[PDB]
Amino acid sequence: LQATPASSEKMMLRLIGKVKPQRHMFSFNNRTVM
Amino acid sequence: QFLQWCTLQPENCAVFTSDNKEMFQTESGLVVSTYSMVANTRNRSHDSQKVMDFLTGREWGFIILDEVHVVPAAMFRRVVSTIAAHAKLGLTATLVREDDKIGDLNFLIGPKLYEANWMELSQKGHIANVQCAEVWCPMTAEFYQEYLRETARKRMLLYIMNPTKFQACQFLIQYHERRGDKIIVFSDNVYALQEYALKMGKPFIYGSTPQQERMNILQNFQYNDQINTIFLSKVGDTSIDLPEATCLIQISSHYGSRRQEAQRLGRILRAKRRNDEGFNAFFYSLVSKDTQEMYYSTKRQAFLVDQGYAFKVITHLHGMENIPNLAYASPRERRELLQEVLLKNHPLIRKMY
Amino acid sequence: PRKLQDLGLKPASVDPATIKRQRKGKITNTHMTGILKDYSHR
Amino acid sequence: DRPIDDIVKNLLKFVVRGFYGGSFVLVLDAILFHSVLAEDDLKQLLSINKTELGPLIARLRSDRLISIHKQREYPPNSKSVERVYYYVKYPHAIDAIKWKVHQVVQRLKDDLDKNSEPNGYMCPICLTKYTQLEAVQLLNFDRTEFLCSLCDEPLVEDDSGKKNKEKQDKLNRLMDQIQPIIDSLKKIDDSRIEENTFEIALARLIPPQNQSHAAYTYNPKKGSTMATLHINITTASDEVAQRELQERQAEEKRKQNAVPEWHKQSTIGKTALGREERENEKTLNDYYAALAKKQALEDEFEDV
Ligand SMILES: [Zn+2]
């Protein structure tokens, strides 16, 4: 799970799968939700 | 320390330094200052003159002279005369001087009230249990020939930079770094300090180092694990703040200064690992064999054997032949080092001018 | 937010803003630059 | 969610449904549902006109039912307009409602007091009032009628007091009608209200549409002067070896505190420093079998 820090502007959560690995994008609006 | 251990308000505390010259306005309090400013015979500033008049015109009940071994100096002697103090307590760690004026402190301050037994404090864990040692570094053939056909001032530089001392210091640094020890390497010669640090890739601190660089190097020494060895000149001998170290390597020294020797030993005597069972600090005095460094080294060690420390000689180090890199092992490299050491010695008219 | 306190009734509003509110130096250890780390904190 | 928030939402819904028309109710319910709303979002939700929302926003701002935020943002196309954000300041709104109803009941009590004053007189010709105090100074020599100062016409009697009970009846017909309001403020006064603002209202908004031109992220400016838990399931056989691993660390602790070889002994005499049972257990297993048979966009990232 790649997560963004609070200092960055855009909030987005990257998901990495296992066996080509599947990658998903999860962007959010509020910092408490992240 | 005053504002921490005792119930003294900061409004009762005053500091007489260059930056701070404001005194306490109460009827009684604490003032802390330096020997140099109080005993300054030079033309001092108006604010410092006013503060000195305040100190002289006030009858003080107590004076605490830290590092009282420098009181017998020329005008550091006069600080007991310029200040009217009822009680005078001189706190020290190194109560020796190479001249006889250290016997004048009973006349200046008073009788020697208490001696601390350093073995009694070491066996109770109050101070570290140092393993004092003296490594005998033999001088090479081409270096010792130049040592005898030279004056004493150049001889002093020449017996420091013998390649066997480089190899011994490098091996001790490697061995005590593998053990995970914070190491301070003391050498009063600035050129020798720089050469050893450049050869061994370690930071060096001396008089001309900027203060912020000194703080950065000390913070890296305290916390960064890749920096476990610091090379310090006579800056570390005097009162500067240092991180805790457990190993010391004394490359060079200021003649037969027993005070400097005991001050250097005092920088490894307050280690945090004293509570650990079997912990021992280490003190190495790397000396050149068959030189005048032996004489001065014995003179410096004469005070510590009075405290009880035993300096075990080390004429052999196990791992000399099997260390990976030896500084100045090849004869041509030693010859290059030798020749490098020998190479050392009207508002309108104002614009036209 | 505060005139209710004058008349006794409790105001749910905290009083607003309107009432009461406001180097680099030289380095001598040039042989090991990039090895030492910065420590602005303990 | 929070019950006090539900109570203040019902209070705000009740005061607009009673003393205000339907469009005001629609605007306030839009703000109460979607806690953060801009002008374009309000127009898109309500299908309302710019001139239609004028008096509505003016009246809800005059009563502090809707607070406005003047923040402008930077969209990627850089065609930014100074959008106004309509939201609600809950303690300010309930304080405004409380003050308004208190002033209404005080004004009604004052009107009851004024109607309790005697009838007085009024001149139908010059349309001027005259109190009962100044009527007696204007009566005729016959002591029968009160004559006007200007028209010299007999004063007719007003109705100050005939409808006074009606005002009290109006008072009664207000109070039950305001009864759910006062009952709601009991739990409000007995509880704590968190003072919300624009930054607080962004924690509870409801998205009006997917593609919103107004950006809800706050943009600060400079110069304005207004842990994780892990468990280990062990079979208790490897754990002993783990203790052996700890023993290895203990052995390292013996090497860290080890006395150097030149310190423990004298270095004087040395030279100077310078430059197969597997088949057996298989047969036992076969014998076990035999015996048993017989017996039976990219940015910075921080990993958290
Ligand atoms: Zn009239």
# chains A, B, ... in the order shown; residues from 1 in each chain; ligands from 1
>>> residues_around(residues="segment 151-161 of chain B", least_positions_apart="2", cutoff="12 Å", atoms="only C-alpha atoms", output="ChimeraX atom specification")
/B:137-140,142-149,163-169,186-196,199,250-255,285-294,296,327-328,334,337-345
>>> interface_residues(of="chain D", to="chain B", cutoff="7 Å", atoms="only C-alpha atoms", output="list in words")
residues 256, 257, 262, 267, 268, 270, 271, 272, 273, 274 and 275 of chain D
>>> interface_residues(of="chain D", to="chain C", cutoff="7 Å", atoms="only C-alpha atoms", output="number ranges by chain")
D: 91-92, 95, 189, 193, 195
>>> write_last_selection(atoms="C-alpha atoms", output="PDB file, in the first residue's frame")
ATOM      1  CA  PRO D  91     -24.202  28.466  17.142  1.00  0.00           C
ATOM      2  CA  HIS D  92     -24.642  31.782  15.317  1.00  0.00           C
ATOM      3  CA  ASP D  95     -28.381  32.389  18.746  1.00  0.00           C
ATOM      4  CA  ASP D 189     -29.009  24.737  26.488  1.00  0.00           C
ATOM      5  CA  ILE D 193     -22.520  23.135  20.890  1.00  0.00           C
ATOM      6  CA  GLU D 195     -18.749  26.155  16.952  1.00  0.00           C
TER       7      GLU D 195
END
>>> atom_distance(atom1="atom CA of residue 270 of chain B", atom2="atom CA of residue 244 of chain B")
7.2 Å
>>> interface_residues(of="chain C", to="chain B", cutoff="8 Å", atoms="only C-alpha atoms", output="MDAnalysis selection string")
chainID C and resid 25:29 31:32 36:39
>>> write_last_selection(atoms="C-alpha atoms", output="compact mmCIF listing (two decimals), in the first residue's frame")
# COMPACT_ATOMS: atom_id res chain seq x y z
CA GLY C 25 29.38 29.23 6.46
CA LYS C 26 32.55 27.66 5.14
CA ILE C 27 33.42 24.01 5.74
CA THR C 28 36.90 22.77 6.64
CA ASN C 29 36.06 19.05 6.43
CA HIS C 31 37.09 15.52 2.30
CA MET C 32 33.88 13.97 3.65
CA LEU C 36 27.79 13.86 7.55
CA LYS C 37 24.03 14.13 8.03
CA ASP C 38 22.13 17.21 9.13
CA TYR C 39 20.76 17.18 12.69
>>> atom_distance(atom1="atom CA of residue 265 of chain B", atom2="atom CA of residue 93 of chain B")
10.6 Å
>>> residues_near_ligand(ligand="ligand 1", cutoff="9 Å", atoms="only C-alpha atoms and all ligand atoms", output="JSON, numbers by chain")
{"D": [122, 123, 124, 125, 126, 127, 128, 129, 147, 148, 149, 150, 151, 152, 153, 154, 155]}
>>> interface_residues(of="chain A", to="chain D", cutoff="8 Å", atoms="only C-alpha atoms", output="number ranges by chain")
A: 1-5, 8, 10, 30
>>> select_by_dssp(residues="chain C", states="helix (DSSP H, G or I)", output="NGL selection string")
:C and (3-6 or 30-32)
>>> atom_distance(atom1="atom CA of residue 256 of chain B", atom2="atom CA of residue 76 of chain B")
22.5 Å
>>> residues_around(residues="residue 103 of chain B", least_positions_apart="5", cutoff="12 Å", atoms="only C-alpha atoms", output="ChimeraX atom specification")
/B:68-69,71-73,95-98,108-112
>>> write_last_selection(atoms="C-alpha atoms", output="compact mmCIF listing (two decimals), in the first residue's frame")
# COMPACT_ATOMS: atom_id res chain seq x y z
CA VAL B 68 40.68 26.56 39.94
CA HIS B 69 43.97 25.33 38.45
CA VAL B 71 43.52 30.76 39.10
CA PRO B 72 47.33 30.87 39.80
CA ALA B 73 47.80 32.65 36.43
CA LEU B 95 44.79 20.24 40.47
CA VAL B 96 48.26 20.19 38.90
CA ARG B 97 50.37 22.72 37.02
CA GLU B 98 53.84 22.32 35.56
CA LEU B 108 44.48 32.40 47.21
CA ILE B 109 41.42 30.22 47.87
CA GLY B 110 42.17 28.04 50.87
CA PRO B 111 43.32 24.62 52.05
CA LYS B 112 42.69 21.55 49.92
>>> select_by_dssp(residues="segment 127-213 of chain B", states="strand (DSSP E or B)", output="VMD selection string")
chain B and resid 130 to 137 183 to 186 204 to 205
>>> residues_around(residues="segment 21-24 of chain A", least_positions_apart="5", cutoff="12 Å", atoms="only C-alpha atoms", output="PyMOL selection string")
chain A and resi 1-2+12-16
>>> closest_residue(among="D:108, D:171, D:181, D:241", to="residue 15 of chain D", atoms="only C-alpha atoms")
D:181
